[PDB]
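Q:
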Amino acid sequence: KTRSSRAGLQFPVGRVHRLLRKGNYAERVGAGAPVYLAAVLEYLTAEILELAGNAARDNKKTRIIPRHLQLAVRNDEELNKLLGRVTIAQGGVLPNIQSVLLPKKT
Amino acid sequence: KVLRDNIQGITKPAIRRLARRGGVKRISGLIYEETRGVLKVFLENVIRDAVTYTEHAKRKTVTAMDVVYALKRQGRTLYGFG
Amino acid sequence: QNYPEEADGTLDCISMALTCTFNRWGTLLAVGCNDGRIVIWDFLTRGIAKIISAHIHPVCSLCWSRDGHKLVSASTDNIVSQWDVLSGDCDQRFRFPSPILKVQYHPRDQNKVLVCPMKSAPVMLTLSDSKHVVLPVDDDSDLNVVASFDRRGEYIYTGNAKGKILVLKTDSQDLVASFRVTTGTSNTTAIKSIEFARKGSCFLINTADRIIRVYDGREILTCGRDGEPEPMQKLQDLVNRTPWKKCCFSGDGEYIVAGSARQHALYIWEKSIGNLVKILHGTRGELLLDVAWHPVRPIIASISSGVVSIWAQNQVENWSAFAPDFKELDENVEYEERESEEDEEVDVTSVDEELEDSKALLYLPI
Amino acid sequence: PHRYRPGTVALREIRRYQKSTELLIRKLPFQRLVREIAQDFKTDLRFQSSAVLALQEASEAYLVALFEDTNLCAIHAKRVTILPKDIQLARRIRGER
Amino acid sequence: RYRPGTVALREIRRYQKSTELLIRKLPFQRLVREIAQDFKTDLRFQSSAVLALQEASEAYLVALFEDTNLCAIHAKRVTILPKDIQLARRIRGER
Amino acid sequence: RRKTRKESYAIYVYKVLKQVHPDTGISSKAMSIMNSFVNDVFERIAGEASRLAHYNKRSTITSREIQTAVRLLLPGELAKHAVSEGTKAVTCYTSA
Amino acid sequence: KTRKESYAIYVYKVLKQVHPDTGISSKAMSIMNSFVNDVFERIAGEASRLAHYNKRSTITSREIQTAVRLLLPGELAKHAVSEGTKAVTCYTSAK
DNA sequence: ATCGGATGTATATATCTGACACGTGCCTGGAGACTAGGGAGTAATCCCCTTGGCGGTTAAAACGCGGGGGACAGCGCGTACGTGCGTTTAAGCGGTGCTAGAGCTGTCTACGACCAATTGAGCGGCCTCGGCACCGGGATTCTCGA
DNA sequence: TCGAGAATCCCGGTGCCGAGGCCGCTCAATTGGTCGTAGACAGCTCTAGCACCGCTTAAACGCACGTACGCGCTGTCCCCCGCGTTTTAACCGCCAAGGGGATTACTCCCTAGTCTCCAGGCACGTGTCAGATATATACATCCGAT
């Protein structure tokens with residue numbers, strides 16, 4: 033019988049518990065730790081992937097290229113606070129031009 | 843309580859002396875307010891982590907060792923308290 | 050509608066405020082100040098009604114009469130007095146050998162008040178002749194017992210301090226039904242209190258096994274003398290283990306609300322599904338005293354440490370309510386135009402559920 | 093004494109201070125300030141004399157560092173005066189915008 | 410065409426939209442080979458591994474440039490200068 | 012030669028994406044980057060919680076310590092949302 | 003009243019070995035305790051994570067070698083690794 | 001450029017006091033002996049792939065010129081600041097009482113590791129079909145000098 | 001305020017390899033007990049952060065002012081760049097190989113764990129002097145005079 037459906041989450045819980053048990057983070061763990069971790073990873077993954085899909089439909093492309101993920105992570109501010117010193121392969125950079133460097137004439 | 847006073851508790855000569863220990867001479871008169879601001883925004887995070895740490899330990903007093911623990915969590919380490 | 054989703058500030062007409070309760074649909078607030086006075090605030094109108102100089106020692110509980118003419122107060126100095134809502138003076142004065150926990154008025158019998166003395170059986174004091182009738186209990190007579198009416202007050206339910214719950218009649222006192230709570234796995238458990246609703250005859254029970262349970266006031270007289278415990282949902286908090294102090298029922302009959310002590314975690318569920326739906330974000334530092342929703346409209350209002358915090362549904366009607374034939378909406382479709390372009394002599398004279406907790410008759414415009 | 097030229101006594105003040113080892117902000121105002129700011133996160137907390145002491149030094153440390161950085165960028169500005177925009181420049185370039 | 414400074418904006422925007430690498434594969438691979446031979450001889454590289462390093466470089470490098478940029482703005486000029494690069498490297502706290 | 016079996020967080024995040032937007036495809040590169048991200052955050056939180064548990068002379072890892080860790084690590088109202096979601100998940104799990 | 007652990011006697015003897023004329027105050031004791039602890043957790047954690055990298059269940063001396071070479075700066079790392087190798091050899095030769 | 005005068009700068013002389021360094025006790029860890037059992041290395045292997053190399057070219061680099069736009073030096077200026085002094089004021093020791101809280105200890109009960117086997121979640125192989133790359137050309141928008 | 005030329009966007013129009021989905025074949029995740037135990041509750045002890053006040057003065061307050069320089073403006077001149085050219089090896093796609101990285105199997109030996117006793121390092125007194133504290137002084141420096 034399964035264990036992920038007991039809480040209705042999607043990320044595995046048995047896998048998390050086994051990997052944390054063999055990860056020697058401590059010697060003895062409770063029962064709510066694996067389900068709680070599965071839940072928080074679920075929430076963070078959903079938070080990122082919703083913006084990923086929004087960026088995918090921005091350019092009208094079904095497949096999500098990593099550029100979309102880069103834009104979605106960078107344009108948000110809380111992510112930029114949490115993903116401070118992290119880069120992305122093939123990610124690129126969001127467009128930006130300094131304000132005072134903008135020529136004009138009549 | 844929340845009081846607008848005691849924020850100016852660092853009166854001008856204290857910042858003067860701190861600037862001197864930094865090694866500057868000519869400081870404009872409009873530096874004091876943003877110094878207060880940056881000091882407050884810095885102190886916010888450390889005091890918040892300290893109170894969370896002391897709360898998790900089920901006691902309502904804060905020591906110094908948990909303070910240096912929070913400081914090391916941010917990245918700035920203190921030596922001389924254990 | 051649904052659970053409250055907005056946040057309201059505080060309602061502090063005076064600095065101190067200990068207890069609060071709604072009358073029938075949240076009309077007036079019964080503040081028992083910690084100075085020996087009884088203050089009445091106005092709800093849904095944000096005002097005050099009357100201040101009563103009761104006595105010296107402050108009080109700790111409040112309730113109003115079925116006819117709304119009395120202000121009963123479970124005093125901390127054993128002053129079982131019937132303060133008048135109208136004049137503010139004392140109508141009936143009496144003294145009890147034990148203080149009172151839970152004061153209530155039967156919506157069908159205001160003569161017999163609800164008293165919960167400690168280390169002694171509950172006593173109904175009749176306001177017509179100042180006579181005290183002891184509620185017959187079972188086994189011990191020195192336990193921390195709490196007595197409470199049903200929806201209609203027709204049966205009275207008492208909870209003891211060893212694991213025994215008693216069922217008897219509010220007026221005939223025919224103790225013919227008992228109940229034994231489950232003994233966990235090895236050790237027994239006492240009962241802290243019970244709390245009822247206004248529809249469905251359900252009631253929560255708060256015990257010493259750190260777990261809040263729920264029963265219905267229909268399976269004890271049906272089973273007979275004593276049967277096997279069988280709750281619907283053994284709700285509890287399994288991440289912090291917060292103890293439970295005060296918790297009431299919903300203003301609709303389908304929700305369940307539970308209150309913390311210092312953690313500012315106000316939990317809510319529904320009777321249909323025991324799954325958490327929302328949690329309250331309270332600012333830490335104060336102890337919760339009383340909780341009781343609007344008995345009709347979904348809202349939460351918790352008193353704590355002399356102040357009150359309300360999480361509500363603040364509403365203002367949309368700008369598009371100028372006239373039924375006038376709307377202020379946005380659309381990008383072409384307008385759909387219209388497609389369909391007596392004499393009598395009679396004067397005009399015409400001008401949860403409802404119970405009998407009305408007729409406060411207390412309102413002073415000046 | 094006599095009306096000295098600006099910055100002249102500043103140099104000897106620097107020399108007296110930069111070699112010194114002491115606390116520059118007073119004690120009572122700072123402990124009162126931290127007790128005031130602690131209220132928002134949680135009320136009715138008790139501090140330890142050893143604790144709060146520690147704190148100020150760390151803060152001073154950080155604050156001192158800031159001036160250092162600002163001074164250098166001030167020299168990069170072809171001026172001796174310190175201006176607010178340089179503080180924001182240092183804060184942003186350090187990595188904690 | 411003419412009007413210098415106009416073509417720069419078009420180029421910089423065009424490249425800002427694009428997200429490809431900027432260093433030819435073979436020269437960078439040979440340079441990594443040389444700097445590895447400096448440490449130890451006869452090291453077999455994974456074609457995936459080299460690529461890896463490559464990307465990280467630009468990341469680091471581009472960040473540096475941006476910082477120097479604002480430093481030039483602090484000096485009342487548009488052109489960036491070597492001195493600003495040492496400014497950024499020292500002020501970052503990585504000397 | 013000898014084929015090997017490897018574990019990646021590939022199926023679960025794909026199911027999440029379908030649950031959210033059942034109309035958009037995903038790339039293998041995005042799959043690997045999401046796998047790296049989830050491994051990263053998992054290790055970060057677990058290690059911080061473990062070293063906190065050692066800090067308190069506790070030989071166990073309860074669920075409370077993890078929520079303390081996510082209060083410290085996660086900034087802003089995202090922390091409140093995540094901790095509320097975790098409490099919801101555990102409460103819905105226990106009585107089953 | 004109770005039993006508490008510290009590094010006081012050992013650092014004192016090390017001081018007396020090299021400068022048998024200079025005293026220290028309690029603040030020096032506390033700061034040296036903090037320094038030696040801090041470096042101990044840093045190097046020990048690095049060694050643990052190295053051991054976990056290569057799916058190995060043990061931590062031996064050569065793991066400490068790799069950790070010290072990786073973490074400390076160059077010349078001090080060379081001195082430290084030389085002295086440690088000398089110590090381990092003289093320990094193993096005379097067990 | 002050169003010299004005299006007020007003034008903070010670092011130095012030597014009593015001394016005294018509380019923190020520094022030393023001698024005692026003994027109990028809790030660590031070193032001495034022994035075991036078994038599970039990690040590990042070491043022989044062997046064989047197919048994946050990374051190094052090496054070759055033909056074609058063109059996209060990219062390399063080099064020279066014309067000039068205009070921006071870096072750089074200077075000059076006035078008037079204005080914001082550092083210096084100086086008389087005055088009030090809250091910091092800084094000083095010393096007092098205690099309750100509120102931290103901290104240590106006996107306890108005993110709900111809760112996590114061991115383990116056996118299952119058996120379905122889950123990982124790998126093969127088409128495959130369409131999302132997307134490649135391409136050819138017309139419609140669409142920007143810019144600067146007459 | 002208005003053209004010529006010059007770029008980019010988009011509408012087809014077409015061809016191709018990557019995400020996908022099904023089939024087959026495993027291996028570790030539950031379930032249920034089972035067993036030992038780590039921490040939770042209640043009590044008692046002690047000790048110090050806090051409320052409180054007294055008196056003293058180092059320092060903050062704020063005015064006065066005389067000038068150092070931040071800044072706006074000018075002129076200057078010099079070199080970065082864009083446009084054009086010629087020039088060439090990065091890149092593409094194709095070959096072939098050997099070697100070594102990852103896998104299998106195995107015997108052997110390092111170590112967790114237990115038991116064992118004894119010894120050394122922290123709590124605790126206790127004597128004593130290193131440097132702060134206040135006094136008088138030669139000296140180097142900012143300022144002012146020529």
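Protein chains in written order, with my numbering: chain F, 33 to 138; chain A, 843 to 924; chain E, 50 to 415; chain L, 93 to 189; chain G, 410 to 504; chain R, 12 to 107; chain S, 3 to 97.
C-beta atoms are modelled at their ideal positions from N, C-alpha and C, and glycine is treated no differently.
1. Can you give me the Cβ contacts of S:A53 inside the same chain, cut-off strictly under 6 Å, excluding the 5 residues immediately before and after it?
2. Could you tell me how far apart the beta carbons of residue 6 of chain E and E:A409 are, in whole angstroms, since I believe they sit closer than 8 Å?
3. Who are the Cβ neighbours of E:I269 in its own chain at under 6 Å, not counting the five residues just before and after it?
4. On the CB-based measure, 16 or more other CB atoms within 10 Å of its CB, does E:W368 come out buried or exposed?
5. Determine, using beta-carbon pairs with one atom in the stretch 40-50 of chain S and one in the stretch 70-84 of chain S, whether at least three such pairs fall under 8 Å.
6. Hey, is S:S36's beta-carbon within less than 9 Å of any beta-carbon in chain A?
7. I'd like the list of long-range same chain contacts for E:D84, defined as Cβ closer than 8 Å, with 5 residues on each side in sequence excluded.
8. Just tell me which of E:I105, E:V382, E:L174 and E:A98 has its CA closest to the CA of E:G137.
9. What residue from R:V24, R:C103 and R:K91 has the CA that sits closest to residue 109 of chain R's CA?
10. Hey, is S:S32's beta-carbon within less than 9 Å of any beta-carbon in chain A?
11. Nearest CA to the CA of R:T102: which residue from F:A65, F:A58, F:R60 and F:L52?
12. Among E:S110, E:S169 and E:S179, whose alpha-carbon lies nearest the alpha-carbon of E:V186?
13. Taking Cβ to Cβ, would you say E:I128 is nearer than 9 Å to E:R115?
14. Whole-angstrom Cβ separation of E:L404 and E:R95, contact assumed at under 8 Å?
15. Per DSSP, what are the beta-bridge partners of E:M173 in this structure?
16. Could you say which of L:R186, L:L175 and L:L147 lies nearest to A:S870 if we only look at CA atoms?
17. Below 7 Å between beta carbons is the criterion; list the residues of the stretch 328-346 of chain E that meet it against any residue of chain L, in chain order.
18. Say whether chain R places a C-beta atom closer than 9 Å to the C-beta of F:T34.
19. Could you give the uninterrupted runs of the beta strand (DSSP E) lying entirely in the stretch 137-172 of chain L, keeping only those of 3 residues or more?
20. Does any residue of chain R have a CB that is nearer than 9 Å to the CB of A:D891?
21. List, in chain order, every chain E residue whose beta-carbon is nearer than 8 Å to that of R:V101.
22. Using 8 Å as the cut-off, can you tell me whether the stretch 98-110 of chain L makes contact with the stretch 364-378 of chain E, which would need three or more C-beta pairs spanning the two stretches below that distance?
23. Run through DSSP, which three-state label would E:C82 get?
24. With C-beta atoms as the reference, is L:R184 less than 9 Å away from G:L452?
25. Any heavy atom of the ligand SAM closer than 8 Å to the beta-carbon of F:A121?
26. To the nearest angstrom, how far is it from the Cα of G:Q455 to the Cα of F:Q102?
27. Against chain G, with Cβ distances strictly below 9 Å, would L:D136 count as a contact?
28. What residue from F:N112, F:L114, F:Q130 and F:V67 has the CA that sits closest to G:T477's CA?
29. Where do the ends of the beta strand (DSSP E) carrying E:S242 lie?
30. Chain S partners of A:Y895, CB-CB under 7 Å?
31. Among R:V94, R:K68 and R:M45, which one has its Cα closest to the Cα of F:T119?
32. How about A:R901: is its C-beta nearer than 9 Å to some C-beta of chain R?
33. Apply the 10 Å Cβ neighbour rule to G:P436 and answer buried if 16 or more other Cβ atoms are within range, or exposed otherwise.
34. Are the stretch 872-892 of chain A and the stretch 311-331 of chain E touching by the rule of at least three beta carbon pairs closer than 8 Å?
35. Where does F:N56 fall in DSSP's three states?
36. Cα separation between L:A150 and F:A78?
A: For this structure:
1. The residues are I61 and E65.
2. Past the edges of chain E, shown from 50 to 415, lies residue 6 of chain E, and the structure says nothing about it.
3. Answer for E:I269: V216, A226 and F228, listed in chain order.
4. Classification for E:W368: exposed.
5. Short answer: they touch.
6. Yes, S:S36 counts as interfacial toward chain A.
7. Counting only Cβ-Cβ distances below 8 Å, and skipping sequence neighbours, we find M65 and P107.
8. It is E:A98 whose Cα lies nearest to the Cα of E:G137.
9. Limits of chain R in this structure are 12 at one end and 107 at the other, which puts residue 109 of chain R out of reach.
10. Chain A contact via Cβ: present.
11. Distances from the alpha-carbon of R:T102 to those of F:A65, F:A58, F:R60 and F:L52 put F:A65 closest.
12. Looking at the Cα atoms, E:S169 is the closest of the given residues.
13. Not a contact, by the Cβ cut-off of 9 Å.
14. Contact doesn't hold; Cβ gap of about 25 Å is too wide.
15. According to DSSP, residue pairing for E:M173 in a beta bridge involves E:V182.
16. Cα-wise, what sits closest to A:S870 is L:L175.
17. The stretch 328-346 of chain E vs chain L, Cβ under 7 Å: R333 and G334.
18. No, no contact with chain R.
19. For the stretch 137-172 of chain L, not a single whole beta strand (DSSP E) run of length 3 or above is found.
20. It does: the Cβ of A:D891 has a partner Cβ on chain R nearer than 9 Å.
21. The answer, in chain order, is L287 and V288.
22. The stretch 98-110 of chain L makes no contact with the stretch 364-378 of chain E: fewer than 3 CB pairs, one atom from each, lie closer than 8 Å.
23. Note: E:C82 maps to coil in three-state DSSP.
24. Going by C-beta atoms, L:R184 is not nearer than 9 Å to G:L452.
25. Within the structure as shown, the ligand SAM is missing, as the structure has no ligands at all.
26. Spanning the alpha carbons of G:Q455 and F:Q102 requires a straight line of approximately 26 Å.
27. Chain G places no beta carbon closer than 9 Å to that of L:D136, leaving this residue out of the contacts.
28. Answer by Cα proximity: F:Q130.
29. Counting along the chain, the beta strand (DSSP E) containing E:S242 begins and ends at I240 to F245.
30. Close to A:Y895, with beta-carbon spacing below 7 Å, lies no residue of chain S; the smallest spacing is near 18 Å.
31. Of the listed residues, the one whose Cα sits closest to F:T119 is R:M45.
32. Answer no: the Cβ-Cβ gap between A:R901 and chain R never drops below 9 Å.
33. Taking all protein chains in view, the Cβ of G:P436 is surrounded by fewer than 16 other Cβ atoms within 10 Å, so the residue is classified as exposed.
34. Remark: fewer than three beta-carbon pairs, one from each stretch, lie closer than 8 Å, so the stretch 872-892 of chain A and the stretch 311-331 of chain E are not flagged as touching.
35. It is coil, neither helix nor strand.
36. Distance from the CA atom of L:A150 to the CA atom of F:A78, rounded to whole angstroms, is 39 Å.
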